[PDB]
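Given as structure tokens, the chain that follows is alone and in the form solved without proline (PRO).
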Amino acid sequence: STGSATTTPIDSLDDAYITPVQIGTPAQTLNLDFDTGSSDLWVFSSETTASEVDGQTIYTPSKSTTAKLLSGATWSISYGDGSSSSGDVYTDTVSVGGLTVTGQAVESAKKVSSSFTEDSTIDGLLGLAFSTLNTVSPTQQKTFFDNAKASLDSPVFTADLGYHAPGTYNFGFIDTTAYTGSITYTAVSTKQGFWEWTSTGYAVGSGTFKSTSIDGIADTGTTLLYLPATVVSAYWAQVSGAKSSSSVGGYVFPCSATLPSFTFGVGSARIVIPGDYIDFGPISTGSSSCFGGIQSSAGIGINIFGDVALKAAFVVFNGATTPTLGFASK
């Protein structure tokens, strides 16, 4: 079996991507944020505090004939950006791009952080990391991908994020049409439960490629590119006027500046992020200061290859026994 769902940016900045997902019977369509950095599939529901819902589409378990309460089951999650959500758990039928999975754990939000209520375009999340991260207790649950794995033609899903445009999430197959050249596969470490890999180095603009091992995670749920201080400083050093602002909390540059591209290594291959992708617009409406798409990871504890880097390549998440990450130019 296979599945193909179109993923759409929530705004002109590509801050995040939402993908339509069918939940329940009859189907209740919710726009979820596919997150390979988390392993929980939670959604705004009829249970969420009415005060914390602002325009989001809610999942109403009582309206689904295939929905059953997972007695005693609870969930609580907190993301890097500080966001938070919690509540009870239901099991229902979930379909993505035609690919159906029965008995999927659907975590209905009872409490959501302000950041979420603020986001009207995102109805919930679909974690695509490794199931070891699931927050459901006392019985941990499996992710949607883990539940589909067996039924998939190939235990894989690909990420084809668009720049200022829609992209595609495919399950069970590799569209050899969506990329150029060859796919370079690289080893993945599951130890932390992330799609953790090791980049082989980087280059700023047309500069010399620096061979250096960069351990990071493929995170579709993260907007920007978080790299080590040294790497980030070398990039922004090539942008006249760019600087690290304590007030804004990151590297900003003159909106009139031309951003050099960023090259990251995967094996012997090279993925180039056009400079246009690194521009995240005015820090504030009307401001002439722009937010950089490449920030330091010094405070996270881990480097994150977020949307900024991922959307520059066709990404294959091989959920095989020996998971691997595939990167191809597109």
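The first residue of the shown sequence is 1; numbering continues from there.
Keep in mind that the form deposited with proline (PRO) bound is missing from the display, and what follows is about it.
Establish, in the bound PDB entry, whether 29, 58 and 63 all lie within 4.5 Å of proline (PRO), using non-hydrogen atoms for the distance. So, no: the whole triplet misses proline (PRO).
Of the residues 190, 258, 154, 74, which one places a heavy atom within 4.5 Å of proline (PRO) in the bound PDB entry? That would be 74.
Verify the contact flag for residue 110: yes if a non-hydrogen atom of it lies within 4.5 Å of a non-hydrogen atom of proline (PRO) in the bound PDB entry, no if not. Judged by the heavy-atom cut-off of 4.5 Å, residue 110 is in contact with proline (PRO) in the bound PDB entry.
Indicate whether residue 88 is a 4.5 Å heavy atom neighbour of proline (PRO) in the bound PDB entry. Yes, residue 88 sits close enough to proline (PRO) in the bound PDB entry that at least one of its heavy atoms falls within 4.5 Å.
Heavy atom to heavy atom, is residue 69 within 4.5 Å of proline (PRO) in the bound PDB entry? Residue 69 belongs to the contact set for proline (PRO).
Going by heavy atoms, what in 41 to 59 lies within 4.5 angstroms of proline (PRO) in the bound PDB entry? Result: empty, none.
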